[PDB]
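Each of two forms of one protein chain follows alone as C-alpha coordinates, named structure 1 and structure 2.
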Structure 1
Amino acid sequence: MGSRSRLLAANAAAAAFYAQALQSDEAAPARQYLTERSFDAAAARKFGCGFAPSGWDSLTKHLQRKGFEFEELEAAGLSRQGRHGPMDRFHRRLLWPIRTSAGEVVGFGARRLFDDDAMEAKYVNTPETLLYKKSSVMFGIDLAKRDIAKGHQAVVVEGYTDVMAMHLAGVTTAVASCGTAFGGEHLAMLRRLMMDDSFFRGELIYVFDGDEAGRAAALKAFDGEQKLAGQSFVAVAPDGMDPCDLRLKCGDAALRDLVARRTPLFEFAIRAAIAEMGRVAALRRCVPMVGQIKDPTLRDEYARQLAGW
(Lines of atoms letter the chains of each structure in order from A and count residues from 1; the text may use other names and numbers.)
(Lines give C-alpha, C1' and ligand atoms only; values in the text may rest on other atoms or scores of the structure.)
Protein backbone atom coordinates (compact mmCIF):
# COMPACT_ATOMS: atom_id res chain seq x y z
CA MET A 1 0.00 0.00 0.00
CA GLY A 2 1.91 2.99 -1.39
CA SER A 3 4.79 0.61 -2.23
CA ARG A 4 7.20 0.83 -5.19
CA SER A 5 5.21 -1.69 -7.29
CA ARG A 6 1.93 0.13 -6.52
CA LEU A 7 3.37 3.54 -7.55
CA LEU A 8 4.59 1.84 -10.76
CA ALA A 9 1.10 0.38 -11.40
CA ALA A 10 -0.44 3.88 -11.11
CA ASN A 11 2.04 5.28 -13.68
CA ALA A 12 1.33 2.39 -16.07
CA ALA A 13 -2.43 3.01 -15.68
CA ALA A 14 -1.80 6.75 -16.22
CA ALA A 15 0.24 6.03 -19.36
CA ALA A 16 -2.68 3.95 -20.70
CA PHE A 17 -5.27 6.62 -19.78
CA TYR A 18 -3.24 9.42 -21.39
CA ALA A 19 -2.47 7.32 -24.52
CA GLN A 20 -6.21 6.72 -25.06
CA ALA A 21 -7.01 10.43 -24.47
CA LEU A 22 -4.74 11.34 -27.44
CA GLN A 23 -7.55 10.08 -29.75
CA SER A 24 -10.14 12.46 -28.20
CA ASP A 25 -11.49 15.45 -30.16
CA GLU A 26 -9.86 18.03 -27.83
CA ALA A 27 -6.47 16.27 -28.35
CA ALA A 28 -6.40 17.24 -32.08
CA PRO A 29 -3.81 20.02 -31.49
CA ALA A 30 -1.59 17.40 -29.77
CA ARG A 31 -2.02 15.06 -32.76
CA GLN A 32 -1.34 18.08 -35.01
CA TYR A 33 1.96 18.77 -33.21
CA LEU A 34 3.06 15.18 -33.98
CA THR A 35 1.87 14.99 -37.61
CA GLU A 36 3.14 18.53 -38.33
CA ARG A 37 6.67 17.22 -37.64
CA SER A 38 6.07 13.88 -39.40
CA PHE A 39 5.31 11.49 -36.50
CA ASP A 40 2.46 9.18 -37.59
CA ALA A 41 -0.05 7.25 -35.40
CA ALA A 42 2.22 4.17 -35.27
CA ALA A 43 5.20 6.30 -34.12
CA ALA A 44 3.10 7.94 -31.38
CA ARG A 45 2.09 4.40 -30.31
CA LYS A 46 5.74 3.22 -30.10
CA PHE A 47 6.83 5.96 -27.66
CA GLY A 48 3.51 5.87 -25.76
CA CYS A 49 2.49 9.48 -26.49
CA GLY A 50 -0.62 10.81 -24.74
CA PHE A 51 -2.76 13.86 -24.00
CA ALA A 52 -3.56 15.23 -20.54
CA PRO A 53 -7.27 16.19 -20.81
CA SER A 54 -9.00 19.44 -19.77
CA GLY A 55 -10.75 17.77 -16.81
CA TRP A 56 -8.93 19.11 -13.73
CA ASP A 57 -9.11 15.72 -11.91
CA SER A 58 -9.92 13.26 -14.74
CA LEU A 59 -6.84 11.03 -14.27
CA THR A 60 -7.24 11.20 -10.48
CA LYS A 61 -10.91 10.10 -10.56
CA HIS A 62 -10.06 7.44 -13.19
CA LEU A 63 -7.27 5.96 -11.03
CA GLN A 64 -9.34 6.41 -7.84
CA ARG A 65 -12.13 4.31 -9.44
CA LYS A 66 -9.47 1.58 -10.01
CA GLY A 67 -8.62 1.58 -6.25
CA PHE A 68 -5.60 3.93 -6.08
CA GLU A 69 -5.56 6.22 -3.01
CA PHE A 70 -4.80 9.95 -3.41
CA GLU A 71 -1.79 9.52 -1.07
CA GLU A 72 -0.33 7.03 -3.58
CA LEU A 73 -1.05 9.27 -6.59
CA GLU A 74 0.70 12.20 -4.87
CA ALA A 75 3.69 9.92 -4.12
CA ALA A 76 3.74 8.83 -7.80
CA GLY A 77 3.79 12.46 -9.06
CA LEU A 78 0.43 12.05 -10.83
CA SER A 79 -1.93 14.02 -8.56
CA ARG A 80 -1.80 16.91 -6.08
CA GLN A 81 -4.01 18.87 -3.68
CA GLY A 82 -6.17 21.60 -5.29
CA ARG A 83 -8.79 23.86 -3.69
CA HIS A 84 -11.70 21.49 -4.48
CA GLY A 85 -9.74 18.32 -3.51
CA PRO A 86 -7.47 15.88 -5.41
CA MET A 87 -6.50 17.09 -8.91
CA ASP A 88 -4.23 16.13 -11.81
CA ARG A 89 -0.64 17.34 -12.13
CA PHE A 90 -0.72 17.60 -15.94
CA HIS A 91 -3.32 19.64 -17.83
CA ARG A 92 -4.00 20.20 -21.58
CA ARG A 93 -0.53 19.14 -22.77
CA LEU A 94 1.13 16.57 -25.06
CA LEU A 95 2.72 13.92 -22.82
CA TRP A 96 5.64 11.53 -23.27
CA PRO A 97 5.98 8.74 -20.70
CA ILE A 98 9.51 8.50 -19.31
CA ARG A 99 10.52 4.85 -18.85
CA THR A 100 13.43 3.00 -17.22
CA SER A 101 15.71 0.61 -19.16
CA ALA A 102 13.33 -2.28 -18.28
CA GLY A 103 10.40 -0.23 -19.68
CA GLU A 104 8.66 0.78 -16.43
CA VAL A 105 6.92 4.18 -16.55
CA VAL A 106 8.31 6.41 -13.75
CA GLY A 107 7.10 9.88 -14.86
CA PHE A 108 6.09 12.14 -17.77
CA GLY A 109 7.34 14.99 -19.96
CA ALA A 110 4.59 17.52 -20.78
CA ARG A 111 4.77 20.04 -23.65
CA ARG A 112 2.69 23.23 -23.93
CA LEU A 113 -0.03 23.32 -26.65
CA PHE A 114 -2.44 26.21 -25.86
CA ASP A 115 -1.83 29.96 -25.40
CA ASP A 116 -4.31 30.10 -22.46
CA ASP A 117 -2.35 27.46 -20.45
CA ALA A 118 -1.73 28.80 -16.92
CA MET A 119 1.72 27.18 -16.88
CA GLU A 120 3.96 29.49 -18.94
CA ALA A 121 6.88 27.01 -19.22
CA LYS A 122 7.35 25.21 -22.54
CA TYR A 123 8.12 21.80 -21.02
CA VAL A 124 6.98 20.40 -17.66
CA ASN A 125 7.98 17.23 -15.79
CA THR A 126 7.11 14.82 -13.01
CA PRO A 127 8.62 16.02 -9.69
CA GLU A 128 11.15 14.13 -7.54
CA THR A 129 9.52 10.89 -6.34
CA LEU A 130 10.71 7.44 -5.22
CA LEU A 131 10.61 6.40 -8.91
CA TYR A 132 11.53 9.63 -10.74
CA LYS A 133 15.07 11.06 -10.41
CA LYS A 134 15.79 14.04 -12.71
CA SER A 135 19.55 13.36 -12.62
CA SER A 136 19.37 9.67 -13.74
CA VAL A 137 16.20 9.65 -15.93
CA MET A 138 16.54 9.38 -19.74
CA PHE A 139 13.87 9.41 -22.46
CA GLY A 140 14.36 6.67 -25.07
CA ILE A 141 16.57 4.45 -22.86
CA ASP A 142 14.00 1.60 -22.90
CA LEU A 143 14.07 1.44 -26.73
CA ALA A 144 17.87 1.97 -26.98
CA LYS A 145 18.96 -0.33 -24.07
CA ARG A 146 19.73 -3.28 -26.35
CA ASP A 147 21.31 -1.48 -29.34
CA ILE A 148 23.82 0.58 -27.28
CA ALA A 149 24.98 -2.57 -25.44
CA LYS A 150 25.33 -4.51 -28.72
CA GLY A 151 26.74 -1.63 -30.81
CA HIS A 152 28.91 -0.08 -28.03
CA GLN A 153 27.61 3.39 -28.93
CA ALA A 154 25.17 5.90 -27.41
CA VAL A 155 23.83 9.02 -29.15
CA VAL A 156 22.71 11.88 -26.86
CA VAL A 157 20.18 14.41 -28.20
CA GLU A 158 18.39 17.26 -26.42
CA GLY A 159 14.61 16.94 -26.95
CA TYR A 160 11.86 14.30 -26.92
CA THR A 161 11.13 14.78 -30.64
CA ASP A 162 14.88 14.54 -31.42
CA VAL A 163 14.92 11.01 -29.93
CA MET A 164 11.76 10.08 -31.86
CA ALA A 165 13.28 11.37 -35.12
CA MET A 166 16.51 9.42 -34.48
CA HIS A 167 14.80 6.08 -33.74
CA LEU A 168 12.54 6.35 -36.82
CA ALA A 169 15.62 7.30 -38.90
CA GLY A 170 17.35 4.04 -37.82
CA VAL A 171 19.56 5.57 -35.11
CA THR A 172 18.06 3.41 -32.33
CA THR A 173 20.92 4.24 -29.92
CA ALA A 174 19.50 7.76 -29.32
CA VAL A 175 18.57 9.02 -25.82
CA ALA A 176 17.74 12.41 -24.22
CA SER A 177 18.82 14.51 -21.21
CA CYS A 178 15.12 14.74 -20.26
CA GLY A 179 14.19 18.15 -18.80
CA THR A 180 17.59 18.88 -17.19
CA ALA A 181 21.36 19.17 -17.71
CA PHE A 182 23.15 16.00 -18.83
CA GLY A 183 26.21 14.80 -16.86
CA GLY A 184 27.23 12.57 -13.95
CA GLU A 185 24.65 9.81 -13.48
CA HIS A 186 23.54 9.27 -17.10
CA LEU A 187 27.21 8.76 -18.09
CA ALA A 188 27.52 6.15 -15.34
CA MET A 189 24.37 4.39 -16.62
CA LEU A 190 25.45 4.60 -20.29
CA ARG A 191 29.05 3.53 -19.50
CA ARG A 192 27.63 0.58 -17.51
CA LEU A 193 25.51 -0.56 -20.51
CA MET A 194 28.37 -0.32 -23.05
CA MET A 195 30.80 -2.25 -20.84
CA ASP A 196 32.12 -5.52 -22.12
CA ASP A 197 33.35 -7.76 -19.34
CA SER A 198 35.63 -5.57 -17.16
CA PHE A 199 36.85 -2.83 -19.59
CA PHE A 200 35.25 0.12 -21.39
CA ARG A 201 35.22 -0.05 -25.20
CA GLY A 202 32.33 2.08 -26.56
CA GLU A 203 31.82 5.77 -27.40
CA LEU A 204 29.33 8.57 -26.70
CA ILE A 205 28.03 10.93 -29.41
CA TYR A 206 26.51 14.30 -28.45
CA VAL A 207 24.30 15.91 -31.11
CA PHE A 208 23.75 19.61 -30.38
CA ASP A 209 21.49 21.96 -32.36
CA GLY A 210 23.01 24.64 -34.63
CA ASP A 211 23.25 27.44 -32.06
CA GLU A 212 25.59 29.46 -29.81
CA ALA A 213 24.51 26.90 -27.17
CA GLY A 214 26.43 24.30 -29.25
CA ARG A 215 29.77 25.63 -27.98
CA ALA A 216 28.36 26.86 -24.63
CA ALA A 217 27.21 23.28 -23.88
CA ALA A 218 30.51 21.78 -25.12
CA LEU A 219 32.65 23.74 -22.58
CA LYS A 220 31.00 21.65 -19.81
CA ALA A 221 33.13 18.72 -21.12
CA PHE A 222 36.25 20.15 -19.41
CA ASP A 223 34.36 20.76 -16.13
CA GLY A 224 34.98 17.18 -14.91
CA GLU A 225 35.92 14.60 -17.57
CA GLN A 226 35.17 11.32 -15.70
CA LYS A 227 37.52 9.53 -18.20
CA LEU A 228 34.73 9.60 -20.86
CA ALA A 229 35.60 12.83 -22.75
CA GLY A 230 38.31 10.78 -24.53
CA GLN A 231 35.57 8.48 -25.91
CA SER A 232 32.99 11.30 -26.32
CA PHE A 233 32.29 12.82 -29.76
CA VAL A 234 30.29 15.77 -31.16
CA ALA A 235 28.05 16.11 -34.22
CA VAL A 236 26.38 19.36 -35.30
CA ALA A 237 23.59 19.78 -37.88
CA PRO A 238 23.45 22.56 -40.54
CA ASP A 239 22.99 25.86 -38.65
CA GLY A 240 19.52 26.58 -37.21
CA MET A 241 18.41 22.92 -37.20
CA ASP A 242 18.00 20.16 -34.59
CA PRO A 243 17.61 16.39 -35.37
CA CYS A 244 13.79 16.59 -35.60
CA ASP A 245 13.93 19.46 -38.14
CA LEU A 246 16.80 17.78 -40.04
CA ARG A 247 14.65 14.68 -40.66
CA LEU A 248 11.81 16.91 -41.95
CA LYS A 249 13.95 18.85 -44.44
CA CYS A 250 16.61 16.30 -45.49
CA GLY A 251 15.04 12.92 -44.54
CA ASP A 252 15.98 9.88 -42.45
CA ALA A 253 19.34 9.15 -44.15
CA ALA A 254 20.63 12.67 -43.33
CA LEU A 255 20.37 11.85 -39.58
CA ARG A 256 22.40 8.62 -39.89
CA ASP A 257 25.10 10.57 -41.75
CA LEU A 258 25.08 13.30 -39.04
CA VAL A 259 25.99 10.68 -36.42
CA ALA A 260 28.74 9.30 -38.71
CA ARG A 261 30.27 12.78 -39.31
CA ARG A 262 31.45 13.21 -35.71
CA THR A 263 34.40 15.17 -34.26
CA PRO A 264 36.16 14.23 -30.98
CA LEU A 265 34.79 16.21 -28.00
CA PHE A 266 38.13 17.85 -27.09
CA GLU A 267 38.91 18.80 -30.72
CA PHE A 268 35.44 20.36 -31.10
CA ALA A 269 35.50 22.32 -27.82
CA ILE A 270 39.03 23.66 -28.51
CA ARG A 271 38.70 24.48 -32.25
CA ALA A 272 35.31 26.16 -31.65
CA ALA A 273 36.88 28.22 -28.82
CA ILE A 274 39.61 29.29 -31.31
CA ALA A 275 37.20 29.84 -34.25
CA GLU A 276 34.82 32.36 -32.64
CA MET A 277 37.53 34.89 -31.69
CA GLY A 278 43.05 38.43 -29.55
CA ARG A 279 46.14 36.23 -29.06
CA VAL A 280 46.45 37.54 -25.45
CA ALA A 281 42.97 36.35 -24.41
CA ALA A 282 43.14 33.25 -26.67
CA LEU A 283 46.18 31.54 -25.13
CA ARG A 284 44.79 32.48 -21.68
CA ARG A 285 41.45 30.73 -22.36
CA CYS A 286 42.64 27.55 -24.17
CA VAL A 287 45.73 26.29 -22.22
CA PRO A 288 43.70 25.40 -19.07
CA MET A 289 41.33 23.34 -21.27
CA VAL A 290 44.24 21.29 -22.71
CA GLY A 291 45.97 20.92 -19.32
CA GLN A 292 42.87 19.36 -17.71
CA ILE A 293 43.17 16.34 -20.07
CA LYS A 294 44.24 13.61 -17.61
CA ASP A 295 45.67 11.16 -20.18
CA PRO A 296 49.27 12.17 -21.04
CA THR A 297 49.40 10.67 -24.57
CA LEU A 298 46.04 12.18 -25.61
CA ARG A 299 47.10 15.57 -24.16
CA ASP A 300 50.27 15.62 -26.33
CA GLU A 301 48.21 15.00 -29.50
CA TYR A 302 45.97 18.04 -28.94
CA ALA A 303 48.88 20.13 -27.54
CA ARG A 304 50.43 20.10 -31.06
CA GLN A 305 47.53 21.90 -32.78
CA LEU A 306 47.44 24.81 -30.25
CA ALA A 307 50.27 26.40 -32.27
CA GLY A 308 48.48 25.61 -35.56
CA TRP A 309 45.01 26.70 -34.44
Structure 2
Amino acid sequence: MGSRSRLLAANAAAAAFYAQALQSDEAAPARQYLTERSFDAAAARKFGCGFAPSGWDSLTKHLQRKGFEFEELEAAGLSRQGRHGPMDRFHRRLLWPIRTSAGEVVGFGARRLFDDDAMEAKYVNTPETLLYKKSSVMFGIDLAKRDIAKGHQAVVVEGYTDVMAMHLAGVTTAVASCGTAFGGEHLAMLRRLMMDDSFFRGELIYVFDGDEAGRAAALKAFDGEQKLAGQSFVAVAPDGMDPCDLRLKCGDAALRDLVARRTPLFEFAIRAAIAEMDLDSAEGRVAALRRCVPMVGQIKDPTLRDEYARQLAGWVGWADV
Protein backbone atom coordinates (compact mmCIF):
# COMPACT_ATOMS: atom_id res chain seq x y z
CA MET A 1 0.00 0.00 0.00
CA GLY A 2 1.46 3.35 -1.16
CA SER A 3 4.74 2.04 -2.60
CA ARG A 4 6.56 2.25 -5.96
CA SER A 5 5.14 -0.99 -7.43
CA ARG A 6 1.59 0.13 -6.59
CA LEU A 7 1.95 3.76 -7.75
CA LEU A 8 3.45 2.73 -11.12
CA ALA A 9 0.36 0.53 -11.67
CA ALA A 10 -1.86 3.57 -10.97
CA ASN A 11 -0.01 5.73 -13.56
CA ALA A 12 -0.15 2.76 -15.99
CA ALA A 13 -3.90 2.38 -15.34
CA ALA A 14 -4.26 6.18 -15.76
CA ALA A 15 -2.28 6.19 -19.03
CA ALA A 16 -4.74 3.61 -20.39
CA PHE A 17 -7.73 5.68 -19.20
CA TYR A 18 -6.41 8.95 -20.68
CA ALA A 19 -5.48 7.13 -23.93
CA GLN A 20 -9.04 5.69 -23.99
CA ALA A 21 -10.57 9.16 -23.56
CA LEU A 22 -8.67 10.59 -26.57
CA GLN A 23 -11.19 8.85 -28.90
CA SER A 24 -14.29 10.46 -27.27
CA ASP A 25 -16.51 13.15 -28.83
CA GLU A 26 -15.32 16.07 -26.63
CA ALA A 27 -11.64 15.27 -27.45
CA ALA A 28 -12.00 16.75 -30.99
CA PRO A 29 -9.59 19.72 -30.58
CA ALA A 30 -7.01 17.33 -29.02
CA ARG A 31 -6.95 15.13 -32.14
CA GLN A 32 -7.03 18.29 -34.29
CA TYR A 33 -3.92 19.63 -32.51
CA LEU A 34 -2.11 16.45 -33.54
CA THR A 35 -3.31 16.23 -37.18
CA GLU A 36 -2.76 20.01 -37.66
CA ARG A 37 0.98 19.25 -37.33
CA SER A 38 1.01 15.93 -39.21
CA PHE A 39 0.62 13.56 -36.21
CA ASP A 40 -1.72 10.72 -37.24
CA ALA A 41 -3.51 8.42 -34.77
CA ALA A 42 -0.75 5.76 -35.10
CA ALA A 43 1.87 8.34 -34.01
CA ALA A 44 -0.39 9.47 -31.12
CA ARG A 45 -0.74 5.82 -30.04
CA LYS A 46 3.06 5.26 -30.18
CA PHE A 47 3.75 8.18 -27.79
CA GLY A 48 0.76 7.32 -25.56
CA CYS A 49 -1.08 10.58 -26.32
CA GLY A 50 -4.24 11.10 -24.25
CA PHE A 51 -7.08 13.42 -23.30
CA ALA A 52 -8.11 14.52 -19.81
CA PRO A 53 -11.94 14.58 -19.54
CA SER A 54 -13.83 17.68 -18.42
CA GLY A 55 -15.64 16.45 -15.28
CA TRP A 56 -14.76 16.80 -11.59
CA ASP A 57 -13.37 13.29 -10.96
CA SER A 58 -13.63 11.12 -14.12
CA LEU A 59 -10.19 9.51 -13.39
CA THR A 60 -10.38 9.21 -9.58
CA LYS A 61 -13.64 7.24 -9.74
CA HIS A 62 -12.22 4.99 -12.52
CA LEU A 63 -9.13 4.04 -10.47
CA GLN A 64 -11.10 3.74 -7.18
CA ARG A 65 -13.18 1.00 -8.86
CA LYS A 66 -9.97 -0.66 -10.15
CA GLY A 67 -8.87 -0.96 -6.48
CA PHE A 68 -6.62 2.06 -5.81
CA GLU A 69 -7.07 3.85 -2.47
CA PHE A 70 -7.09 7.67 -2.71
CA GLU A 71 -3.86 8.24 -0.71
CA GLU A 72 -1.97 6.22 -3.35
CA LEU A 73 -3.51 8.35 -6.15
CA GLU A 74 -2.69 11.60 -4.32
CA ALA A 75 0.94 10.42 -3.97
CA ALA A 76 1.18 9.50 -7.69
CA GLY A 77 0.09 13.02 -8.80
CA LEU A 78 -3.20 12.00 -10.45
CA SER A 79 -5.88 13.06 -7.93
CA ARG A 80 -5.95 15.77 -5.23
CA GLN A 81 -7.63 17.04 -2.05
CA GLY A 82 -11.07 18.49 -2.93
CA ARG A 83 -13.99 19.91 -0.92
CA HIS A 84 -16.92 17.57 -1.72
CA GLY A 85 -14.73 14.46 -2.13
CA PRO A 86 -11.48 14.02 -4.11
CA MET A 87 -10.90 15.48 -7.61
CA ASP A 88 -8.64 15.07 -10.67
CA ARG A 89 -5.44 16.97 -11.44
CA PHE A 90 -5.75 17.46 -15.21
CA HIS A 91 -8.87 18.65 -17.09
CA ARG A 92 -9.67 19.37 -20.76
CA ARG A 93 -6.08 18.98 -22.00
CA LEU A 94 -3.99 16.94 -24.47
CA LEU A 95 -1.65 14.63 -22.52
CA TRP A 96 1.70 12.95 -23.07
CA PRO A 97 2.72 10.19 -20.66
CA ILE A 98 6.27 10.65 -19.39
CA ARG A 99 8.12 7.33 -19.00
CA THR A 100 11.44 6.17 -17.52
CA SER A 101 14.24 4.36 -19.40
CA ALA A 102 12.50 1.09 -18.38
CA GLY A 103 9.16 2.26 -19.86
CA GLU A 104 7.51 2.73 -16.45
CA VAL A 105 4.98 5.60 -16.48
CA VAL A 106 5.89 8.24 -13.83
CA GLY A 107 3.78 11.27 -14.83
CA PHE A 108 2.09 13.40 -17.50
CA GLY A 109 2.66 16.64 -19.43
CA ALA A 110 -0.66 18.36 -20.18
CA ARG A 111 -1.28 20.99 -22.91
CA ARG A 112 -4.00 23.69 -22.93
CA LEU A 113 -6.75 23.46 -25.61
CA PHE A 114 -9.59 25.87 -24.62
CA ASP A 115 -10.02 29.63 -24.05
CA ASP A 116 -12.36 29.11 -21.05
CA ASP A 117 -9.78 26.79 -19.36
CA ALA A 118 -9.31 27.66 -15.67
CA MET A 119 -5.63 26.64 -15.72
CA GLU A 120 -3.46 29.54 -16.92
CA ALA A 121 -0.28 27.95 -18.29
CA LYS A 122 0.23 26.60 -21.83
CA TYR A 123 1.81 23.46 -20.32
CA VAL A 124 1.46 21.87 -16.87
CA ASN A 125 3.04 18.67 -15.48
CA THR A 126 2.68 16.15 -12.67
CA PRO A 127 4.01 17.57 -9.35
CA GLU A 128 7.09 16.26 -7.49
CA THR A 129 6.54 12.70 -6.21
CA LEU A 130 8.64 9.64 -5.40
CA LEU A 131 8.20 8.64 -9.07
CA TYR A 132 8.28 11.99 -10.92
CA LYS A 133 11.57 13.90 -10.58
CA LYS A 134 11.22 16.98 -12.85
CA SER A 135 14.97 17.76 -12.88
CA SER A 136 16.00 14.24 -14.05
CA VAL A 137 12.89 13.40 -16.13
CA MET A 138 12.97 13.50 -19.97
CA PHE A 139 10.27 12.89 -22.59
CA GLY A 140 11.20 10.38 -25.31
CA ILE A 141 13.74 8.52 -23.13
CA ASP A 142 12.01 5.10 -23.26
CA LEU A 143 12.22 5.11 -27.07
CA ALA A 144 15.64 6.81 -27.43
CA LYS A 145 17.52 4.80 -24.71
CA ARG A 146 18.79 2.08 -27.10
CA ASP A 147 19.36 4.37 -30.12
CA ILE A 148 21.44 6.93 -28.14
CA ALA A 149 23.81 4.24 -26.79
CA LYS A 150 24.03 2.33 -30.10
CA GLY A 151 24.32 5.52 -32.18
CA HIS A 152 26.51 7.38 -29.62
CA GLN A 153 24.41 10.50 -30.09
CA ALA A 154 21.67 12.47 -28.33
CA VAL A 155 19.47 15.21 -29.75
CA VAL A 156 18.04 17.57 -27.12
CA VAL A 157 14.92 19.49 -28.27
CA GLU A 158 12.51 21.94 -26.61
CA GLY A 159 8.92 20.59 -26.53
CA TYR A 160 6.82 17.42 -26.73
CA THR A 161 5.85 17.85 -30.43
CA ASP A 162 9.55 18.45 -31.27
CA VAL A 163 10.40 14.95 -29.92
CA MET A 164 7.54 13.33 -31.85
CA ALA A 165 8.56 15.12 -35.08
CA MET A 166 12.21 14.03 -34.66
CA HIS A 167 11.32 10.38 -33.94
CA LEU A 168 8.91 10.17 -36.91
CA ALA A 169 11.60 11.70 -39.17
CA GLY A 170 14.16 8.97 -38.22
CA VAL A 171 16.02 10.95 -35.52
CA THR A 172 15.20 8.40 -32.81
CA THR A 173 17.88 9.78 -30.42
CA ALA A 174 15.69 12.85 -29.68
CA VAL A 175 14.66 13.78 -26.10
CA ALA A 176 13.19 16.85 -24.32
CA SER A 177 13.77 18.75 -21.05
CA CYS A 178 10.12 18.24 -20.04
CA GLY A 179 8.66 20.89 -17.66
CA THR A 180 11.78 23.03 -16.99
CA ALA A 181 15.16 24.09 -18.43
CA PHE A 182 17.69 21.44 -19.43
CA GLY A 183 20.20 20.84 -16.62
CA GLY A 184 22.80 18.79 -14.75
CA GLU A 185 20.88 15.62 -13.91
CA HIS A 186 19.56 15.51 -17.51
CA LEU A 187 23.14 15.66 -18.84
CA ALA A 188 24.28 13.16 -16.19
CA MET A 189 21.46 10.80 -17.25
CA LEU A 190 22.24 11.12 -21.00
CA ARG A 191 26.02 10.94 -20.50
CA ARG A 192 25.69 7.66 -18.53
CA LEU A 193 23.95 5.88 -21.48
CA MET A 194 26.60 6.93 -24.03
CA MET A 195 29.42 5.62 -21.78
CA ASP A 196 31.24 2.45 -22.84
CA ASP A 197 34.02 0.77 -20.80
CA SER A 198 34.18 3.74 -18.36
CA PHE A 199 34.64 6.22 -21.26
CA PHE A 200 32.29 8.79 -22.85
CA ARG A 201 32.55 8.87 -26.67
CA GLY A 202 29.28 10.12 -28.25
CA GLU A 203 28.03 13.57 -29.29
CA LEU A 204 25.50 15.86 -27.63
CA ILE A 205 23.44 17.91 -30.08
CA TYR A 206 21.24 20.84 -28.97
CA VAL A 207 18.49 21.96 -31.34
CA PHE A 208 17.03 25.45 -30.91
CA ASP A 209 14.12 27.62 -32.07
CA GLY A 210 15.31 30.89 -33.60
CA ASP A 211 18.91 32.10 -33.46
CA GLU A 212 19.28 34.11 -30.21
CA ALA A 213 18.02 31.18 -28.08
CA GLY A 214 20.98 29.13 -29.37
CA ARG A 215 23.43 32.06 -29.07
CA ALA A 216 22.03 32.38 -25.49
CA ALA A 217 22.89 28.62 -24.99
CA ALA A 218 26.40 28.77 -26.57
CA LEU A 219 27.39 31.65 -24.22
CA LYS A 220 27.11 29.23 -21.26
CA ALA A 221 29.44 26.69 -22.89
CA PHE A 222 32.37 28.64 -21.39
CA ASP A 223 30.63 29.16 -18.01
CA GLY A 224 31.80 25.95 -16.29
CA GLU A 225 33.37 23.65 -18.94
CA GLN A 226 33.19 20.60 -16.60
CA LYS A 227 30.74 19.27 -19.18
CA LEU A 228 31.69 17.85 -22.54
CA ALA A 229 31.93 21.13 -24.44
CA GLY A 230 34.17 19.37 -26.97
CA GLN A 231 31.43 16.78 -27.50
CA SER A 232 28.60 19.36 -27.51
CA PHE A 233 27.00 20.57 -30.72
CA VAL A 234 24.37 23.06 -31.93
CA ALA A 235 21.72 22.90 -34.66
CA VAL A 236 19.48 25.87 -35.52
CA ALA A 237 16.47 25.55 -37.83
CA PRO A 238 16.13 28.04 -40.76
CA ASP A 239 15.28 31.56 -39.50
CA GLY A 240 12.16 31.34 -37.28
CA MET A 241 11.17 27.67 -37.17
CA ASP A 242 11.38 24.70 -34.76
CA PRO A 243 11.53 20.87 -35.44
CA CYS A 244 7.74 20.34 -35.48
CA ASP A 245 7.04 23.33 -37.78
CA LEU A 246 10.14 22.50 -39.90
CA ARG A 247 8.63 19.04 -40.61
CA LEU A 248 5.33 20.53 -41.87
CA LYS A 249 6.96 23.04 -44.23
CA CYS A 250 9.91 20.96 -45.60
CA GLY A 251 9.33 17.27 -44.65
CA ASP A 252 11.28 14.59 -42.74
CA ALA A 253 14.53 15.10 -44.76
CA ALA A 254 15.10 18.62 -43.38
CA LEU A 255 15.16 17.24 -39.80
CA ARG A 256 17.63 14.43 -40.60
CA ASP A 257 19.98 16.97 -42.23
CA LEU A 258 19.48 19.70 -39.57
CA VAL A 259 20.98 17.18 -37.14
CA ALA A 260 23.62 15.97 -39.62
CA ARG A 261 24.93 19.39 -40.70
CA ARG A 262 25.39 20.79 -37.19
CA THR A 263 28.14 22.89 -35.50
CA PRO A 264 30.40 22.38 -32.42
CA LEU A 265 29.38 24.38 -29.35
CA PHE A 266 32.48 26.61 -29.15
CA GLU A 267 32.66 27.11 -32.96
CA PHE A 268 29.03 28.28 -33.17
CA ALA A 269 29.65 30.82 -30.35
CA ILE A 270 32.89 32.26 -31.83
CA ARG A 271 31.45 32.61 -35.35
CA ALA A 272 28.26 34.18 -33.95
CA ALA A 273 30.50 36.97 -32.60
CA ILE A 274 32.27 37.41 -35.98
CA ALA A 275 28.85 37.46 -37.74
CA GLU A 276 27.95 40.58 -35.77
CA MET A 277 31.09 42.48 -36.88
CA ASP A 278 32.15 45.13 -39.44
CA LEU A 279 35.08 43.21 -40.98
CA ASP A 280 35.83 45.90 -43.64
CA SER A 281 39.45 47.12 -43.86
CA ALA A 282 41.61 46.65 -40.70
CA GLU A 283 39.25 48.71 -38.44
CA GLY A 284 36.51 46.14 -37.72
CA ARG A 285 38.90 43.25 -38.52
CA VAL A 286 41.01 43.87 -35.39
CA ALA A 287 37.80 44.58 -33.40
CA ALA A 288 36.84 40.92 -34.06
CA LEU A 289 40.13 39.50 -32.68
CA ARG A 290 40.06 42.01 -29.81
CA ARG A 291 36.67 40.63 -28.69
CA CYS A 292 37.03 36.85 -29.35
CA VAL A 293 40.60 35.80 -28.46
CA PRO A 294 39.23 36.27 -24.90
CA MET A 295 36.65 33.61 -25.94
CA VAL A 296 39.47 31.28 -27.05
CA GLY A 297 41.41 32.21 -23.88
CA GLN A 298 38.53 30.88 -21.75
CA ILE A 299 38.70 27.37 -23.32
CA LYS A 300 40.18 25.09 -20.64
CA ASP A 301 40.96 22.12 -22.92
CA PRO A 302 44.43 22.92 -24.42
CA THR A 303 43.99 20.52 -27.36
CA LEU A 304 40.70 22.27 -28.16
CA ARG A 305 41.95 25.82 -27.49
CA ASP A 306 44.89 25.28 -29.85
CA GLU A 307 42.43 24.23 -32.60
CA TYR A 308 40.38 27.46 -32.25
CA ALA A 309 43.49 29.70 -32.17
CA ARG A 310 44.70 28.09 -35.43
CA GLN A 311 41.40 29.00 -37.14
CA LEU A 312 40.77 32.44 -35.57
CA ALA A 313 42.88 34.56 -37.97
CA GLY A 314 41.31 32.82 -40.99
CA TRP A 315 37.70 33.43 -39.89
CA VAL A 316 38.24 37.19 -39.41
CA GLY A 317 40.36 37.56 -42.61
CA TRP A 318 44.04 38.12 -41.63
CA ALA A 319 45.05 34.55 -42.64
CA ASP A 320 44.11 32.00 -45.30
CA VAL A 321 41.17 29.75 -44.35
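The term rigid core refers to the most C-alpha atoms you can superpose between the two forms while keeping them within 1.5 Å. Throughout, residue numbering runs from 1 along the sequence of structure 1.
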The one residue in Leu95, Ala217, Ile148, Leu168 whose CA moves 2 Å or more between the two structures on rigid core superposition is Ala217
Using a superposition on the rigid core, decide whether the Cα position of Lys227 changes by 2 angstroms or more between the two structures. yes
I want to check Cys286: does it shift between the two structures by 2 Å or more at the Cα, with the core superposed? yes
Large Cα shift (2 Å or above) at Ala28 between the two structures, core-fitted: no
Once the two forms are fitted on their rigid core, how many angstrom does the CA of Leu63 move between the two structures? 0.2
Expressed in angstrom, the C-alpha movement of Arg83 between the two structures on a rigid core superposition is 1.8
